[PDB]
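Written out below as structure tokens is the structure these notes cover.
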Amino acid sequence: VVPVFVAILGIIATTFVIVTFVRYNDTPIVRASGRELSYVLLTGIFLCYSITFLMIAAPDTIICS
Amino acid sequence: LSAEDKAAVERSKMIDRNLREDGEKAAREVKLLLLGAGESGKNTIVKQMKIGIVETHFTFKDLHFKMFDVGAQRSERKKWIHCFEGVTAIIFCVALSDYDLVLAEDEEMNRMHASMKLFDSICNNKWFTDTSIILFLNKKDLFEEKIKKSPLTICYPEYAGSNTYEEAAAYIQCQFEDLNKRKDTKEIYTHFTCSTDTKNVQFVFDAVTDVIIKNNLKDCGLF
């Protein structure tokens with residue numbers, strides 16, 4: 001249970017950052033940060049909590065892969 | 001294809017290779033347009049950079065400059081001004097020791113008003129919307145010695161300030177940087193030049209380097 005809520009809060013925070021960057025696309029601070037690579041890095045951040053959900057799941061043939 | 005045609009294609013390929021090499025060599029040089037009044041101290045600045053059109057190549061810290069000059073071209077500037085659309089920067093001279101003088105035998109024309117008119121024409125031209133300007137305000141020593149006997153009210157009726165080299169020079173500088181109506185695309189680098197200054201090449205180097213980096217950042221969509 002504890003990793004689940006930690007991961008959920010992580011997902012919510014990452015979503016907030018992504019949404020605010022989309023809404024403020026043309027501002028100097030956002031443009032100076034390498035937008036096209038910023039989104040890739042944020043996807044990388046998003047994947048880890050899904051990794052939590054995968055490791056808590058029941059072992060199977062698909063889940064091992 | 002005959003043997004003669006094969007020789008012709010060989011020769012054409014050699015010519016293409018030579019042209020590509022020459023173009024790559026020419027793409028890495030800073031091109032400067034030197035503008036100003038005839039007596040605005042252009043000659044001294046030209047002398048201390050290098051240690052129809054007149055061309056002056058010079059190098060600083062492993063970088064090259066060509067520095068074209070069009071002072072001796074008495075004709076319509078609208079006809080040939082577009083040949084300089086892609087230059088890196090524009091250098092403009094003012095000669096502050098001109099606010100109490102007249103020019104062109106008009107006998108009612110302040111020299112500095114003519115300089116401001118020329119600056120306004122060049123800064124807001126259609127071919128120069130994203131080209132930075134290096135403004136040299138030279139002959140400042142004559143201004144310092146002269147400012148005591150004559151006040152700034154001859155050239156500027158509204159001054160509301162003191163007669164000192166600290167406030168009048170800044171007043172003239174803020175007049176030239178207020179004629180720019182494109183503050184969000186270009187910028188003006190102002191420097192005070194004088195006899196035996198010897199530090200103007202480095203100022204030009206810094207300004208041009210900042211211009212190059214800003215252009216490269218804007219091309220990436222990173223600025």
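Each chain in the structure tokens gets a letter, A, B, ..., in the order shown, and its residues are numbered from 1; ligands are numbered from 1 in order too.
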
In segment 31-171 of chain B, DSSP alpha helix (DSSP H) residues written as a PDB file with N, CA, C and O atoms, in the first residue's frame:
ATOM      1  N   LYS B  42      35.889  58.029 -38.290  1.00  0.00           N
ATOM      2  CA  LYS B  42      35.941  56.698 -38.886  1.00  0.00           C
ATOM      3  C   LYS B  42      37.377  56.265 -39.152  1.00  0.00           C
ATOM      4  O   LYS B  42      37.720  55.090 -38.980  1.00  0.00           O
ATOM      5  N   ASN B  43      38.229  57.200 -39.583  1.00  0.00           N
ATOM      6  CA  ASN B  43      39.592  56.846 -39.969  1.00  0.00           C
ATOM      7  C   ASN B  43      40.396  56.327 -38.782  1.00  0.00           C
ATOM      8  O   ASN B  43      41.121  55.333 -38.901  1.00  0.00           O
ATOM      9  N   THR B  44      40.287  56.988 -37.629  1.00  0.00           N
ATOM     10  CA  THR B  44      41.040  56.554 -36.456  1.00  0.00           C
ATOM     11  C   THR B  44      40.594  55.170 -36.000  1.00  0.00           C
ATOM     12  O   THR B  44      41.424  54.320 -35.648  1.00  0.00           O
ATOM     13  N   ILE B  45      39.282  54.926 -36.001  1.00  0.00           N
ATOM     14  CA  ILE B  45      38.763  53.621 -35.605  1.00  0.00           C
ATOM     15  C   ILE B  45      39.223  52.550 -36.584  1.00  0.00           C
ATOM     16  O   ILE B  45      39.577  51.434 -36.186  1.00  0.00           O
ATOM     17  N   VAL B  46      39.239  52.876 -37.879  1.00  0.00           N
ATOM     18  CA  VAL B  46      39.761  51.946 -38.878  1.00  0.00           C
ATOM     19  C   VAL B  46      41.221  51.629 -38.591  1.00  0.00           C
ATOM     20  O   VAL B  46      41.654  50.472 -38.681  1.00  0.00           O
ATOM     21  N   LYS B  47      42.003  52.651 -38.239  1.00  0.00           N
ATOM     22  CA  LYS B  47      43.418  52.445 -37.950  1.00  0.00           C
ATOM     23  C   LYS B  47      43.612  51.541 -36.738  1.00  0.00           C
ATOM     24  O   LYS B  47      44.499  50.680 -36.735  1.00  0.00           O
ATOM     25  N   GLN B  48      42.802  51.723 -35.697  1.00  0.00           N
ATOM     26  CA  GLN B  48      42.989  50.940 -34.480  1.00  0.00           C
ATOM     27  C   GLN B  48      42.250  49.603 -34.488  1.00  0.00           C
ATOM     28  O   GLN B  48      42.432  48.815 -33.554  1.00  0.00           O
ATOM     29  N   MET B  49      41.428  49.324 -35.503  1.00  0.00           N
ATOM     30  CA  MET B  49      40.968  47.952 -35.725  1.00  0.00           C
ATOM     31  C   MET B  49      42.085  47.071 -36.273  1.00  0.00           C
ATOM     32  O   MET B  49      42.299  45.953 -35.794  1.00  0.00           O
ATOM     33  N   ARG B  77      21.388  55.564 -51.625  1.00  0.00           N
ATOM     34  CA  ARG B  77      21.644  54.400 -50.789  1.00  0.00           C
ATOM     35  C   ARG B  77      20.586  53.320 -50.958  1.00  0.00           C
ATOM     36  O   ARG B  77      20.876  52.143 -50.715  1.00  0.00           O
ATOM     37  N   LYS B  78      19.372  53.689 -51.367  1.00  0.00           N
ATOM     38  CA  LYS B  78      18.312  52.707 -51.562  1.00  0.00           C
ATOM     39  C   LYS B  78      18.629  51.725 -52.679  1.00  0.00           C
ATOM     40  O   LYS B  78      18.075  50.622 -52.694  1.00  0.00           O
ATOM     41  N   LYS B  79      19.498  52.101 -53.616  1.00  0.00           N
ATOM     42  CA  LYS B  79      19.782  51.235 -54.752  1.00  0.00           C
ATOM     43  C   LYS B  79      20.725  50.094 -54.387  1.00  0.00           C
ATOM     44  O   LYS B  79      20.573  48.979 -54.901  1.00  0.00           O
ATOM     45  N   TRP B  80      21.700  50.337 -53.509  1.00  0.00           N
ATOM     46  CA  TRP B  80      22.707  49.329 -53.196  1.00  0.00           C
ATOM     47  C   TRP B  80      22.707  48.894 -51.736  1.00  0.00           C
ATOM     48  O   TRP B  80      23.571  48.102 -51.344  1.00  0.00           O
ATOM     49  N   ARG B 111      24.918  69.377 -36.481  1.00  0.00           N
ATOM     50  CA  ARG B 111      25.512  68.152 -37.005  1.00  0.00           C
ATOM     51  C   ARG B 111      24.925  66.923 -36.323  1.00  0.00           C
ATOM     52  O   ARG B 111      24.673  65.896 -36.970  1.00  0.00           O
ATOM     53  N   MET B 112      24.696  67.012 -35.014  1.00  0.00           N
ATOM     54  CA  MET B 112      24.205  65.850 -34.292  1.00  0.00           C
ATOM     55  C   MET B 112      22.768  65.524 -34.669  1.00  0.00           C
ATOM     56  O   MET B 112      22.374  64.357 -34.633  1.00  0.00           O
ATOM     57  N   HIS B 113      21.980  66.526 -35.067  1.00  0.00           N
ATOM     58  CA  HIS B 113      20.647  66.243 -35.593  1.00  0.00           C
ATOM     59  C   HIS B 113      20.717  65.442 -36.884  1.00  0.00           C
ATOM     60  O   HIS B 113      19.926  64.512 -37.084  1.00  0.00           O
ATOM     61  N   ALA B 114      21.659  65.776 -37.767  1.00  0.00           N
ATOM     62  CA  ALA B 114      21.854  64.988 -38.977  1.00  0.00           C
ATOM     63  C   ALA B 114      22.292  63.568 -38.645  1.00  0.00           C
ATOM     64  O   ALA B 114      21.836  62.605 -39.279  1.00  0.00           O
ATOM     65  N   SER B 115      23.181  63.418 -37.658  1.00  0.00           N
ATOM     66  CA  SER B 115      23.578  62.076 -37.242  1.00  0.00           C
ATOM     67  C   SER B 115      22.399  61.283 -36.698  1.00  0.00           C
ATOM     68  O   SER B 115      22.272  60.090 -36.992  1.00  0.00           O
ATOM     69  N   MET B 116      21.533  61.918 -35.908  1.00  0.00           N
ATOM     70  CA  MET B 116      20.351  61.229 -35.403  1.00  0.00           C
ATOM     71  C   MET B 116      19.413  60.840 -36.536  1.00  0.00           C
ATOM     72  O   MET B 116      18.810  59.764 -36.502  1.00  0.00           O
ATOM     73  N   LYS B 117      19.267  61.703 -37.541  1.00  0.00           N
ATOM     74  CA  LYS B 117      18.422  61.365 -38.681  1.00  0.00           C
ATOM     75  C   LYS B 117      18.968  60.160 -39.435  1.00  0.00           C
ATOM     76  O   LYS B 117      18.212  59.252 -39.804  1.00  0.00           O
ATOM     77  N   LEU B 118      20.282  60.128 -39.661  1.00  0.00           N
ATOM     78  CA  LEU B 118      20.887  58.985 -40.340  1.00  0.00           C
ATOM     79  C   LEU B 118      20.745  57.710 -39.516  1.00  0.00           C
ATOM     80  O   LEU B 118      20.445  56.638 -40.057  1.00  0.00           O
ATOM     81  N   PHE B 119      20.955  57.810 -38.204  1.00  0.00           N
ATOM     82  CA  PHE B 119      20.787  56.663 -37.320  1.00  0.00           C
ATOM     83  C   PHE B 119      19.351  56.155 -37.347  1.00  0.00           C
ATOM     84  O   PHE B 119      19.114  54.944 -37.360  1.00  0.00           O
ATOM     85  N   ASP B 120      18.379  57.069 -37.357  1.00  0.00           N
ATOM     86  CA  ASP B 120      16.977  56.674 -37.409  1.00  0.00           C
ATOM     87  C   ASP B 120      16.639  55.995 -38.728  1.00  0.00           C
ATOM     88  O   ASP B 120      15.869  55.028 -38.755  1.00  0.00           O
ATOM     89  N   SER B 121      17.191  56.492 -39.834  1.00  0.00           N
ATOM     90  CA  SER B 121      16.948  55.857 -41.123  1.00  0.00           C
ATOM     91  C   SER B 121      17.543  54.454 -41.170  1.00  0.00           C
ATOM     92  O   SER B 121      16.889  53.509 -41.628  1.00  0.00           O
ATOM     93  N   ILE B 122      18.783  54.295 -40.701  1.00  0.00           N
ATOM     94  CA  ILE B 122      19.451  52.998 -40.796  1.00  0.00           C
ATOM     95  C   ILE B 122      18.836  51.987 -39.833  1.00  0.00           C
ATOM     96  O   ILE B 122      18.654  50.815 -40.180  1.00  0.00           O
ATOM     97  N   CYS B 123      18.510  52.416 -38.615  1.00  0.00           N
ATOM     98  CA  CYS B 123      18.035  51.482 -37.598  1.00  0.00           C
ATOM     99  C   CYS B 123      16.682  50.891 -37.964  1.00  0.00           C
ATOM    100  O   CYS B 123      16.427  49.709 -37.710  1.00  0.00           O
ATOM    101  N   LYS B 140      35.142  62.058 -27.175  1.00  0.00           N
ATOM    102  CA  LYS B 140      34.601  62.410 -25.870  1.00  0.00           C
ATOM    103  C   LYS B 140      35.506  63.356 -25.096  1.00  0.00           C
ATOM    104  O   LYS B 140      35.022  64.057 -24.203  1.00  0.00           O
ATOM    105  N   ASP B 141      36.804  63.381 -25.401  1.00  0.00           N
ATOM    106  CA  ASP B 141      37.704  64.301 -24.715  1.00  0.00           C
ATOM    107  C   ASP B 141      37.399  65.742 -25.099  1.00  0.00           C
ATOM    108  O   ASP B 141      37.390  66.638 -24.246  1.00  0.00           O
ATOM    109  N   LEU B 142      37.157  65.985 -26.388  1.00  0.00           N
ATOM    110  CA  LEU B 142      36.751  67.315 -26.823  1.00  0.00           C
ATOM    111  C   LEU B 142      35.438  67.713 -26.174  1.00  0.00           C
ATOM    112  O   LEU B 142      35.256  68.868 -25.784  1.00  0.00           O
ATOM    113  N   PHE B 143      34.514  66.761 -26.044  1.00  0.00           N
ATOM    114  CA  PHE B 143      33.267  67.019 -25.337  1.00  0.00           C
ATOM    115  C   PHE B 143      33.531  67.404 -23.886  1.00  0.00           C
ATOM    116  O   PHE B 143      32.912  68.334 -23.360  1.00  0.00           O
ATOM    117  N   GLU B 144      34.454  66.703 -23.226  1.00  0.00           N
ATOM    118  CA  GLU B 144      34.775  67.000 -21.832  1.00  0.00           C
ATOM    119  C   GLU B 144      35.353  68.401 -21.685  1.00  0.00           C
ATOM    120  O   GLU B 144      34.979  69.149 -20.773  1.00  0.00           O
ATOM    121  N   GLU B 145      36.271  68.777 -22.576  1.00  0.00           N
ATOM    122  CA  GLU B 145      36.881  70.102 -22.494  1.00  0.00           C
ATOM    123  C   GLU B 145      35.899  71.197 -22.902  1.00  0.00           C
ATOM    124  O   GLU B 145      35.998  72.338 -22.438  1.00  0.00           O
ATOM    125  N   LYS B 146      34.943  70.870 -23.774  1.00  0.00           N
ATOM    126  CA  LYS B 146      34.052  71.885 -24.322  1.00  0.00           C
ATOM    127  C   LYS B 146      32.819  72.108 -23.456  1.00  0.00           C
ATOM    128  O   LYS B 146      32.261  73.210 -23.454  1.00  0.00           O
ATOM    129  N   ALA B 168      25.540  64.703 -19.221  1.00  0.00           N
ATOM    130  CA  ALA B 168      25.284  65.091 -20.602  1.00  0.00           C
ATOM    131  C   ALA B 168      25.590  63.953 -21.569  1.00  0.00           C
ATOM    132  O   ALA B 168      24.843  63.734 -22.532  1.00  0.00           O
ATOM    133  N   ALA B 169      26.684  63.225 -21.330  1.00  0.00           N
ATOM    134  CA  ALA B 169      27.017  62.080 -22.169  1.00  0.00           C
ATOM    135  C   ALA B 169      25.926  61.022 -22.101  1.00  0.00           C
ATOM    136  O   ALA B 169      25.497  60.479 -23.128  1.00  0.00           O
ATOM    137  N   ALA B 170      25.450  60.730 -20.889  1.00  0.00           N
ATOM    138  CA  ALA B 170      24.345  59.795 -20.744  1.00  0.00           C
ATOM    139  C   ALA B 170      23.087  60.318 -21.416  1.00  0.00           C
ATOM    140  O   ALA B 170      22.323  59.534 -21.991  1.00  0.00           O
ATOM    141  N   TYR B 171      22.853  61.629 -21.364  1.00  0.00           N
ATOM    142  CA  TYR B 171      21.678  62.191 -22.020  1.00  0.00           C
ATOM    143  C   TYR B 171      21.736  61.981 -23.524  1.00  0.00           C
ATOM    144  O   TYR B 171      20.740  61.596 -24.144  1.00  0.00           O
TER     145      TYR B 171
END

Using only C-alpha atoms, find the residues of chain B whose closest atom to chain A is at most 12 Å away, then write them as a ChimeraX atom specification. /B:217-218,220-223

If you measure from atom CA of residue 15 of chain A to atom CA of residue 50 of chain A, what distance in Å do you get, rounded to one decimal? 13.5 Å

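The neighbours of residue 6 of chain A here are the residues that come within 12 Å of it, using only C-alpha atoms and leaving out any residue fewer than 2 positions away in the same chain; they are residues 1, 2, 3, 4, 8, 9, 10, 11, 12, 13, 48, 49, 50, 52 and 53 of chain A.
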